[PDB]
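See structure below.
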Amino acid sequence: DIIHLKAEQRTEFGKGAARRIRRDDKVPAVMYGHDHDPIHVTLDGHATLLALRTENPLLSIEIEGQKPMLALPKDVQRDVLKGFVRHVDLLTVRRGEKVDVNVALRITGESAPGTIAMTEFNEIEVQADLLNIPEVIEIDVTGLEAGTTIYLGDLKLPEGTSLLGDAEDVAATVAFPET
Amino acid sequence: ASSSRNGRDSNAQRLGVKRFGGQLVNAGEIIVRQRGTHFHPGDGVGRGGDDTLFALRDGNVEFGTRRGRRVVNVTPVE
Amino acid sequence: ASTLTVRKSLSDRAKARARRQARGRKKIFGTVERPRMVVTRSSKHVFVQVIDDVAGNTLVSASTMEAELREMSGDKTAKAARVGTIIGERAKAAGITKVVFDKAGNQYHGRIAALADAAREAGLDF
Amino acid sequence: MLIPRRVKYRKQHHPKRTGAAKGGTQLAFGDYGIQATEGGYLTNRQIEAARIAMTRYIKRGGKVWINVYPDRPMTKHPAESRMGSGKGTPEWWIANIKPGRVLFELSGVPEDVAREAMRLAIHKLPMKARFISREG
RNA sequence: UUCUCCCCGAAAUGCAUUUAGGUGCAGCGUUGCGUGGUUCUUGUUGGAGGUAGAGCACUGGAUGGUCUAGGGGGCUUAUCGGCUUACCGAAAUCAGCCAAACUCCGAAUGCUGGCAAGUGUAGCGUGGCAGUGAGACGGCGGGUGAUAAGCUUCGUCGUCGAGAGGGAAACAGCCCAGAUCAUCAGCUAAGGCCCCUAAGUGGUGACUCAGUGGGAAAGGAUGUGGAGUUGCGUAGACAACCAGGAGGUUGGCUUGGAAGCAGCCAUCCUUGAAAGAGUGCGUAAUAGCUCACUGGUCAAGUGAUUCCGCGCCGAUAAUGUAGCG
RNA sequence: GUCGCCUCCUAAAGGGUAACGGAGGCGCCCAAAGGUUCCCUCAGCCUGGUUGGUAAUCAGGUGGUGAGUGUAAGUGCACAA
RNA sequence: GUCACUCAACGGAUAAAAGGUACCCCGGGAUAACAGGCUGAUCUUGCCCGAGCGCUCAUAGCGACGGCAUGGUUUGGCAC
RNA sequence: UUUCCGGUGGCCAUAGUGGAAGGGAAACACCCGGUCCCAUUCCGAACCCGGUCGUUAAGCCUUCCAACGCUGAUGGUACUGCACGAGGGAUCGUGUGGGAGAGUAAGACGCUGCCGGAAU
Ligand SMILES: [Mg+2]
Ligand SMILES: [Mg+2]
Ligand SMILES: [Mg+2]
Ligand SMILES: [Mg+2]
Ligand SMILES: [Mg+2]
Ligand SMILES: [Mg+2]
Ligand SMILES: [Mg+2]
Ligand SMILES: [Mg+2]
Ligand SMILES: [Mg+2]
Ligand SMILES: [Mg+2]
Ligand SMILES: [Mg+2]
Ligand SMILES: [Mg+2]
Ligand SMILES: [Mg+2]
Ligand SMILES: [Mg+2]
Ligand SMILES: [Mg+2]
Ligand SMILES: [Mg+2]
Ligand SMILES: [Mg+2]
Ligand SMILES: [Mg+2]
Ligand SMILES: [Mg+2]
Ligand SMILES: [Mg+2]
Ligand SMILES: [Mg+2]
Ligand SMILES: [Mg+2]
Ligand SMILES: [Mg+2]
Ligand SMILES: [Mg+2]
Ligand SMILES: [Mg+2]
Ligand SMILES: [Mg+2]
Ligand SMILES: [Mg+2]
Ligand SMILES: [Mg+2]
Ligand SMILES: [Mg+2]
Ligand SMILES: [Mg+2]
Ligand SMILES: [Mg+2]
Ligand SMILES: [Mg+2]
Ligand SMILES: [Mg+2]
Ligand SMILES: [Mg+2]
Ligand SMILES: [Mg+2]
Ligand SMILES: [Mg+2]
Ligand SMILES: [Mg+2]
Ligand SMILES: [Mg+2]
Ligand SMILES: [Mg+2]
Ligand SMILES: [Mg+2]
Ligand SMILES: [Mg+2]
Ligand SMILES: [Mg+2]
Ligand SMILES: [Mg+2]
């Protein structure tokens with residue numbers, strides 16, 4: 001899915017300008033790529049928060065003078081206590097292309113009550129295609145107990161989403177309870 | 001009561017650069033007092049017994065790099 | 001091409017010669033008044049150049065490679081002495097008078113010493 | 001009680017308690033956690049009380065991570081004594097907490113009882129803290 | 001320690017001291033003579049750095065995971081060798097961390113040169129005469145101390161000291177502002193404009209109803225306004241009101257009793273438009289009262305949840321209201 | 001308890017900066033451990049090897065400073081100091 | 001030129017020196033004891049959380065581990 | 001003049017580390033000897049001397065590989081000079097100037113001077 005965001009040129013730089021923008025309830029963003037100079041824009045705060053609710057969404061930035069262009073939020077600086085987005089790094093993508101992204105690991109398996117599944121990572125770097133971004137990568141540990149551990153080289157990854165990270169380290173662990 | 005096993009300290013030695021970059025100096029003028037060669041002697045600069053870098057000639061002091069060393073040179077005055 | 005560090009994977013003899021050359025060069029440095037005579041003593045030839053280390057250029061040079069000396073029958077030491085005489089003559093021509101000798105990581109002995117004494121006889125002040 | 005095996009210097013200056021959390025502002029091991037919204041000093045006794053509360057409420061399941069460590073020693077002037085005669089003897093071990101620091105983490109427990117355990121733990125801490133999760 | 005006025009105007013620091021409330025030298029004052037932009041401010045241009053921050057390359061500290069040398073416990077039973085290693089576990093490695101005496105990094109300022117402009121008359125040399133060498137509080141950056149003191153000890157700027165005038169109810173150190181004298185003129189600073197008390201019971205838009213304003217914490221609370229996110233809802237929501245609110249099943253370790261209510265659990269199946277081995281009240285122990293769920297007359301919005309503004313509780317000493325003067 | 005000297009931190013990236021603040025050293029030593037010239041590269045780790053073991057001496061491989069520096073600490077020093 | 005000082009209280013009062021005074025005598029609140037003032041560690045009085053104890057039953061009544069404050073009467077700190 | 005190569009500097013990893021392929025005309029090198037100068041805290045290993053047969057296996061050289069390492073913006077954030085402001089208090093915020101580190105896109109399998117060589 002494509003999320004459309006209206007942005008306009010940002011020209012004032014520095015902490016004072018950023019504070020003024022955030023008080024105006026916008027959010028600064030820098031959009032860069034492998035073909036053109038970085039573009040400094042400001043986005044609507046509410047729209048940016050709604051768009052960034054999900055992880056790795058495909059955004060289209062529209063500037064009135066310019067043309068819509070496709071980007072991904074690569075680094076989102078959010079406030080720590082409040083959830084507000086403080087700054088956005090947008091990385092331009094060339095429609096038909098390939099990208100490296102992080103997809104969230106979750107556990108959807110059940111074992112004996114003695115052992116509890118644990119995730120060794122929050123995100124895994126997975127090389128996928130633009131139009132099919134895996135929302136979540138799911139691994140199921142059902143009927144497996146004791147001290148079995150799962151590394152990154154054995155996953156039921158969806159089609160077109162190759163693994164870019166190392167496959168010689170553990171990802172999921174099941175072990176007896178916190179004794 | 002109690003007491004401290006500390007309270008001793010040595011007198012201030014007043015090290016550091018004495019003539020900065022571009023400053024005009026005379027021959028023999030001390031450029032930097034130091035312990036060890038944080039700055040090595042460059043062109044027109046001699047190194048003394050206590051690692052003091054001083055001017056071997058008149059000119060302007062510059063700080064630079066000679067091969068892999070931080071050095072202090074005295075460029076002869078134009 | 002100089003890199004401070006001795007290139008790794010270099011042969012053991014080459015590393016030893018490079019280290020000795022560097023430690024000699026630590027105090028040897030050629031100026032316009034007293035340029036640096038560098039003698040590279042290869043297994044078959046000796047190549048001598050007088051260098052102004054300030055500018056990084058060679059003023060005069062000589063070697064056994066010269067056609068006037070290739071067929072000059074003689075031992076390695078004799079050929080090195082002939083090279084030393086030639087380089088001294090060229091230094092006199094260029095008006096060098098005094099030089100500083102850089103053995104370039106080799107012992108001052110044999111061919112190197114013969115070349116140095118030949119230059120001294122030719123009239124170089126060192 | 002968490003006490004370091006050894007420290008380089010037993011008598012140290014008071015830790016800076018200015019600024020936001022330098023690092024460790026995000027969950028790294030567990031699913032839920034406690035995030036301090038205010039700075040302050042966190043002693044090993046308080047850490048142990050909170051950990052006991054969480055573990056006791058979650059019973060046997062789930063696992064708890066203590067992200068912070070009370071490795072900073074605090075000296076105490078000898079009692080009833082006039083000022084001076086050198087620094088005191090270490091008496092407390094604290095961790096330097098800054099706003100946004102994740103103190104405790106929990107995993108392997110349903111969200112509601114995890115929240116209740118975190119509430120029990122937070123009521124033992126000397127600074128304000130909140131329950132956080134990986135957005136569920 | 002006794003008359004006057006005119007000009008300038010400190011110090012309470014450093015070093016040393018049989019010294020610490022003394023004194024010498026230097027610092028700071030004044031003054032004669034001499035030297036004249038050398039001082040200073042700003043801009044520009046160039047230097048050395050390791051603080052703040054940050055980081056984990058080093059040295060220490062540290063959490064979890066993987067893995068493991070090697071130690072512990074056992075047996076077959078041991079000289080081995082094996083099963084174990086379901087225990088311990090250096091190291092290595094992955095991820096998150098910590099540091100006044102850690103640094104792969106690294107500012108702002110400050111310091112110090114060149115140049116340019118601006119500038120009071122600043123700077124410097126050398127003589128005469130000093131006083132001072134008990135400091136105080138405030139801002140900022142630190143040590144001591146308990147996250148203490150109107151505490152103590154440094155760095156730095158300010159005021160006071162040695163400073164009147166305006167403001168702070170009063171109130172050396174805070175804010176405004178440096179008093180040559182006269183004036184029954186005007187404009188302002190901080191702070192103020194209902195009355196005390198000079199000037200607005202000013203205009204417009206919101207919020208508060210606590211006399212909050214006009215002291216306070218952890219914590220607690222259908223206070224009240226505003227901004228979201230989200231579930232359900234004229235397939236008819238939430239309340240209110242009439243019928244089904246139960247079989248098998250007194251489910252099991254308990255406990256003369258756990259039958260639905262001592263505590264702990266697999267957290268099922270059924271006559272069926274409908275229900276939980278079971279949530280409150282009742283109860284020696286079962287009974288029962290009553291709810292989610294199912295019809296219906298009515299039905300237009302409800303139910304969560306987050307954040308923001310102002311409020312509430314917590315709140316609590318002694319002569320007299322007495323924490324807006 | 002302290003008094004002179006040296007190193008670090010406090011000390012706020014020049015210098016300087018106090019407390020009965022936090023850590024340690026000094027009142028020597030060396031005729032070479034001084035001068036000069038030339039030569040050399042360590043510690044650790046891995047493998048093999050009489051006595052011999054974690055570790056003596058030897059071999060190969062790896063390894064740039066983590067060894068070393070008469071003596072504290074810092075600044076230095078592998079170009080080696 | 002060089003020598004002789006733990007003149008170490010190390011800018012080194014004499015080459016040469018310990019005590020008692022409640023029998024005592026002759027500036028300082030620059031500095032202690034008492035009271036006042038500040039502070040509140042300690043003390044004191046509350047409060048939040050509720051492990052647990054209370055046949056059963058957290059809260060009849062109790063309150064572990066921790067947390068937050070009141071009072072200024074305790075011991076102190078400060079030395080106004 | 002150009003190309004290739006040997007020496008000798010400069011920048012001191014954008015150059016290193018590791019992997020792959022290929023090359024020697026001069027040159028470099030390994031290599032072959034130890035009689036001679038000389039040498040080993042033993043050893044002609046090294047140093048030195050005498051040769052240039054043999055050999056491109058290695059050094060060296062050329063091409064390729066971002067793989068480890070290295071280099072690295074823009075924007076934002078931390079901090080901060082000056083000027084203020086807010087909390088009972090730890091402490092926090094704003095104006096006006098300066099502004100990182102980390103991380104991100106990316107760069108990069110070196111650059112450059114002089115001398116000599118063989119060919120053109
Ligand atoms: Mg010397
Ligand atoms: Mg000396
Ligand atoms: Mg990090
Ligand atoms: Mg005056
Ligand atoms: Mg810091
Ligand atoms: Mg004086
Ligand atoms: Mg005095
Ligand atoms: Mg004084
Ligand atoms: Mg004083
Ligand atoms: Mg003072
Ligand atoms: Mg002050
Ligand atoms: Mg302090
Ligand atoms: Mg005071
Ligand atoms: Mg006075
Ligand atoms: Mg004044
Ligand atoms: Mg006044
Ligand atoms: Mg007044
Ligand atoms: Mg008044
Ligand atoms: Mg007026
Ligand atoms: Mg005004
Ligand atoms: Mg009045
Ligand atoms: Mg009105
Ligand atoms: Mg009005
Ligand atoms: Mg009230
Ligand atoms: Mg009130
Ligand atoms: Mg309140
Ligand atoms: Mg008033
Ligand atoms: Mg300093
Ligand atoms: Mg400073
Ligand atoms: Mg002082
Ligand atoms: Mg003295
Ligand atoms: Mg005497
Ligand atoms: Mg008597
Ligand atoms: Mg008297
Ligand atoms: Mg007094
Ligand atoms: Mg007094
Ligand atoms: Mg008193
Ligand atoms: Mg009184
Ligand atoms: Mg008292
Ligand atoms: Mg006192
Ligand atoms: Mg005082
Ligand atoms: Mg970078
Ligand atoms: Mg950067």
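We use all heavy atoms of the structure for the numbers below, so side chains are in, but hydrogens, waters and symmetry mates are not. Convention: sequence-line order gives letters A, B, ...; per-chain numbering from 1.
Listed by first and then second residue, the salt bridge (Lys or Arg N to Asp or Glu O under 4.0 Å) pairs that reach into residues 29-44 of chain A are A:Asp35-A:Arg94, sequence neighbours excluded. For the side chain to side chain donor-acceptor pair (under 3.5 Å) condition, the pairs that include at least one residue of residues 98-108 of chain D, sequence neighbours left out, are D:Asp31-D:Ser107. Listed by first then second residue, pairs satisfying ring pair (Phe, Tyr, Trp, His ring centres under 6.0 Å) with a partner in residues 116-136 of chain D read D:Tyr32-D:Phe131, not counting sequence neighbours. For residues 122-165 of chain A, the set of pairs meeting the ring pair (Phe, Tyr, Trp, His ring centres under 6.0 Å) definition, not counting sequence neighbours, is empty.
A donor-acceptor pair under 3.5 Å is formed between the side chain of D:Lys11 and the backbone N or O of D:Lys87. Under the 3.5 Å distance criterion, the side-chain polar atoms of B:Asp43 are left unmatched by any main-chain donor or acceptor of B:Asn73. A distance-only check finds a donor-acceptor pair linking the side chain of B:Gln13 to the backbone of B:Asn11 [under 3.5 Å]. Formation of a donor-acceptor pair under 3.5 Å by the D:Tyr41 side chain with backbone atoms of D:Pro15 is found in this model. Checked by atom type and distance alone, the side chain of A:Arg22 pairs as donor or acceptor with a backbone atom of A:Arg86 at under 3.5 Å. A:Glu123 places a side-chain N or O within donor-acceptor distance of the main-chain N or O of A:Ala104, the cut-off being under 3.5 Å. Counting only distance, with no hydrogens or angles, the side chain of A:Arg78 and the backbone of A:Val85 share no donor-acceptor pair below 3.5 Å.
Residue D:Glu38 holds its CD atom at 8.5 Å from CE of D:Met127, rounded to the nearest 0.5 Å. Atom-to-atom distance recorded for D:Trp93:CH2 and D:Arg72:CZ is 10.5 Å, nearest 0.5 angstrom. The CD atom of A:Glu145 sits 9.0 Å away from the CD atom of A:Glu110 when rounded to the nearest 0.5 Å. Note that OG of B:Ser2 is 15.0 Å distant from CZ of D:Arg82, once rounded to the nearest 0.5 Å. Between atom CG of residue B:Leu15 and atom CD of residue B:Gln34 there is a gap of 8.5 Å, rounded to the nearest 0.5 Å. Note: D:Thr89 OG1 to D:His77 NE2 = 11.0 Å, rounded to the nearest 0.5 Å.
Judged as a side-chain hydrogen bond (donor to acceptor under 3.5 Å, both in side chains), and not counting sequence neighbours, the contacts of A:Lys26 are A:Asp24. Annotation: side chain to side chain contact (heavy atoms under 4.5 Å, CB included) contacts of D:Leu120 (sequence neighbours excluded): D:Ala53, D:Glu116. When the side-chain hydrogen bond (donor to acceptor under 3.5 Å, both in side chains) test is applied to B:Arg47, the partners found at least two apart in sequence or on another chain are B:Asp51. Under the side chain to side chain contact (heavy atoms under 4.5 Å, CB included) criterion, A:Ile150 pairs with A:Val141, A:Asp154, A:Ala172, not counting sequence neighbours. With sequence neighbours left out, B:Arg69 forms a side chain to side chain contact (heavy atoms under 4.5 Å, CB included) with B:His40, B:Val71. Scored by the side chain to side chain contact (heavy atoms under 4.5 Å, CB included) test, A:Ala51 finds A:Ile3, A:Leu5, A:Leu59 as partners (sequence neighbours excluded). In this structure, the side-chain hydrogen bond (donor to acceptor under 3.5 Å, both in side chains) partners of A:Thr142, at least two apart in sequence or on a different chain, are A:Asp140. In this structure, the ring-ring contact (aromatic ring centres under 6.0 Å, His included) partners of B:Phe39, at least two apart in sequence or on a different chain, are B:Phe63.
At a threshold of 4.5 Å between non-hydrogen side-chain atoms, the residues D:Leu103 and D:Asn67 do not count as touching. Counting heavy atoms from C-beta on, the side chains of A:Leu163 and A:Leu155 never come closer than 4.5 Å. Between D:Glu135 and A:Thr54 the shortest side-chain heavy-atom distance does not fall below 4.5 Å. Using a 4.5 Å heavy-atom cutoff, the side chains of D:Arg45 and D:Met1 are in contact. Side-chain atoms of D:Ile58 and D:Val113, non-hydrogen and from C-beta on, never get closer than 4.5 Å to each other. Inter-residue side-chain proximity for A:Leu157 and A:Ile137 is flagged as met; some heavy-atom pair is nearer than 4.5 Å. Residues D:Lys124 and D:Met54 form no side-chain contact, since every pair of their non-hydrogen atoms from C-beta on lies 4.5 Å or further apart. Looking only at side-chain heavy atoms (C-beta outward), A:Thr119 and D:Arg134 come within less than 4.5 Å of each other.
Closest approach of A:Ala71 and A:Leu90 over heavy atoms only: CB-CB, 3.8 Å. Closest approach of A:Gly33 and A:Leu91 over heavy atoms only: CA-CD1, 4.2 Å. The nearest pair of heavy atoms linking A:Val99 to A:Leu72 is CG1-CD1, 4.1 Å.
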I'd like to know whether D:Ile47 forms a side-chain contact (heavy atoms from CB on, under 4.5 Å) with D:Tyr69, so could you lay out the CA-CA distance, the side-chain angles of the two residues, the decisive distance to 0.1 Å, and finally the verdict. CA-CA 9 Å; D:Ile47 291 160; D:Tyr69 200 86; over 6 Å; no
List the steps, then state whether side-chain contact (heavy atoms from CB on, under 4.5 Å) holds for A:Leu105 with A:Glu120. CA-CA 9 Å; A:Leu105 290 163; A:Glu120 280 287 305; over 6 Å; no
Could you walk me through whether A:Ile124 and A:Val103 pass the side-chain contact (heavy atoms from CB on, under 4.5 Å) test, one step at a time? CA-CA 6 Å; A:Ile124 50 162; A:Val103 62; 3.6 Å; yes
Verdict with reasoning, B:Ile31 to B:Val74, per side-chain contact (heavy atoms from CB on, under 4.5 Å): CA-CA 10 Å; B:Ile31 300 174; B:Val74 169; 3.7 Å; yes
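Donor-acceptor pairing under 3.5 Å is lacking for the side chains of D:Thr37 and D:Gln35.
Environment of CZ in D:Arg130: crowded, with over 12 heavy atoms of neighbouring residues, nucleotides or ligands closer than 6.0 Å.
Ring pair A:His40/A:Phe13 is perpendicular by interplanar angle, where above 60° counts as perpendicular and below 30° as parallel.
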